[PDB]
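Heads up: the structure comes next, in structure tokens.
None of the figures in this text is laboratory data; all of them are computed from the coordinates on show. Cβ coordinates were reconstructed from backbone atoms using ideal geometry, including for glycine residues, and neighbour counts include every protein chain displayed.
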4 protein chains.
Amino acid sequence: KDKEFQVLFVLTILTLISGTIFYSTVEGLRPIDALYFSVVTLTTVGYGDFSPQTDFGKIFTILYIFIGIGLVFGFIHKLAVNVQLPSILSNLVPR
Amino acid sequence: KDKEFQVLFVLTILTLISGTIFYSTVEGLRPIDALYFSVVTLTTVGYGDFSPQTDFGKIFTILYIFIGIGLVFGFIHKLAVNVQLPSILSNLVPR
Amino acid sequence: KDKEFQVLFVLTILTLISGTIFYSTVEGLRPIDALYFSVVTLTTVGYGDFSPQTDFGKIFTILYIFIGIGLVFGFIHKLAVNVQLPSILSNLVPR
Amino acid sequence: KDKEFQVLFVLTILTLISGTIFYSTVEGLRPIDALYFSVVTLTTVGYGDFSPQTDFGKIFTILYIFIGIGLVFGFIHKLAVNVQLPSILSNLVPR
Ligand SMILES: [K+]
Ligand SMILES: [K+]
Ligand SMILES: [K+]
Ligand SMILES: [K+]
């Protein structure tokens, strides 16, 4: 279960690095903005303060969403159930 | 399970084609933008760089969301569990 | 299961009517725009082509989201599993 | 189950207070706008009428989303199943 978490963590980082490199390069964003945009996209928040302007970028974004959402939300689920929940329970019992 | 995936894949493509034809025609978008907008809508990202301006478009979008979200997210779930997950597991074991 | 669906359908309509009346009145939107905005909000798409400008509207929106998401997505789930899925299966078998 | 709900309720309030203090301070928002923005972010609506403009804010938002979504949606789930659903069932049976 901690190996579950480690693998999803690594896969999430790799997915976000991919988006960061793509949007910096093709859409001209600063790397920090490309990372922020990738996260805002795959978590489905979608502020729209950044959005792709090129057709290459729009096509990549379609594929990136379909491939990336399942992973990101898998990681969020495991983070909440396997890390946050036990730490919350631990705080309820003094030692 | 591969037939599960094939059917949801075909249904997702048909749903996206419907949106592409509607928004190109009624809202005047380029076909690639109409496809991109349909995906950004049904995955609930919603950047808002495109949004419907006509009342016909707003009404269609209401119905398209309610009909389309369940399918799209069904496909994403099956993609992640039935395709991405086994390929990830396969990479962990050399042959 | 059809009574499950009927009840969630009615509750979803009532929830959307509430939002339509509120945003038309307090935020000055046309009724069709208030309905469209309510749907775009509770399905979490959030284009931002409309958003509340008054403090009353921002406060209402906070509460409306927390109360409304669970219902709307309950209805979407039942629509997809109890209505769309059987109709899709029915199309695969000629009579 | 009512203690389940109480704990998630308190944790949700604390999470929203954190965001309210951060975005008011670093991004200069009025407290009510910072609260509204925090809710619009963690429920994944993401209108984009507010969005972070500083790099500190963008970095915080990335972490806030990953930590906050699992909690918020846990609370929404329990609200809908453990509070809204029984009250709806209660209305169907006069006394
Ligand atoms: K969303
Ligand atoms: K959005
Ligand atoms: K969104
Ligand atoms: K937006």
Filter segment A:39-95 for residues that are aromatic (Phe, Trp, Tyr) and in contact with a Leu (Cβ under 9 Å, 6 or more places away or on another chain) and give the result.
A:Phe50, A:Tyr64, A:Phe66, A:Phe73, A:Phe75
Being away from chain C (no Cβ under 13 Å), more than 16 Å from ligand 4 (Cβ to nearest atom) and buried (at least 20 other Cβ atoms within 10 Å of the Cβ) narrows it down to one residue among B:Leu85, B:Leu35, B:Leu89; which is it?
B:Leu35
Inspect segment C:22-30 for any residue being among the polar types (S, T, N, Q), under 26 Å from B:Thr54 (Cβ atoms) and buried (at least 21 other Cβ atoms within 10 Å of the Cβ) and give the result as yes or no.
no
I need the full set of residues from segment A:1-21 which are free of Cβ contacts under 8 Å to residues at least 60 places away in the same chain and either loosely packed, with under 13 Cβ neighbours inside 10 Å or not hydroxyl-bearing (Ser, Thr, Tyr) (or both), in order please.
A:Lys3, A:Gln6, A:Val7, A:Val10, A:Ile13, A:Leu14, A:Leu16, A:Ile17, A:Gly19, A:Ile21
Mind listing whichever residues of segment B:41-60 are closer than 20 Å to A:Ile65 by Cα and at the interface with another protein chain (Cβ under 7 Å from one of its Cβ atoms)?
B:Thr41, B:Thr43, B:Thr44, B:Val45, B:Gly46, B:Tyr47, B:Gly48, B:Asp49, B:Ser51
Only one of D:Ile69, D:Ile59 is assigned to a helix (DSSP H, G or I), free of Cβ contacts under 8 Å to residues at least 12 places away in the same chain and not polar (S, T, N, Q), namely D:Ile59
Hey, can you tell me all the residues within segment C:42-67 that are in contact with a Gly (Cβ under 6 Å, 6 or more places away or on another chain) and within 13 Å of ligand 4 (Cβ to nearest atom)?
C:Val45, C:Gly46, C:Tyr47, C:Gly48, C:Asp49
For segment C:16-46, enumerate the residues that are away from ligand 1 (no atom under 16 Å from the Cβ) and among the polar types (S, T, N, Q).
C:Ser18, C:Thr20, C:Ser24, C:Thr25
Have a look at B:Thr12, B:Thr20 and point out the one that is over 25 Å from C:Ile13 (Cα atoms), assigned to a helix (DSSP H, G or I) and either in contact with a strand residue (DSSP E or B) (Cβ under 8 Å, 6 or more places away or on another chain) or more than 14 Å from chain C (Cβ to nearest Cβ) (or both).
B:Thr20
Applying the selection to segment D:24-55, what residues are within 14 Å of the chain's Cα centre (by Cα) and assigned to a helix (DSSP H, G or I)?
D:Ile32, D:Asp33, D:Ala34, D:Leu35, D:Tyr36, D:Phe37, D:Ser38, D:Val39, D:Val40, D:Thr41, D:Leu42
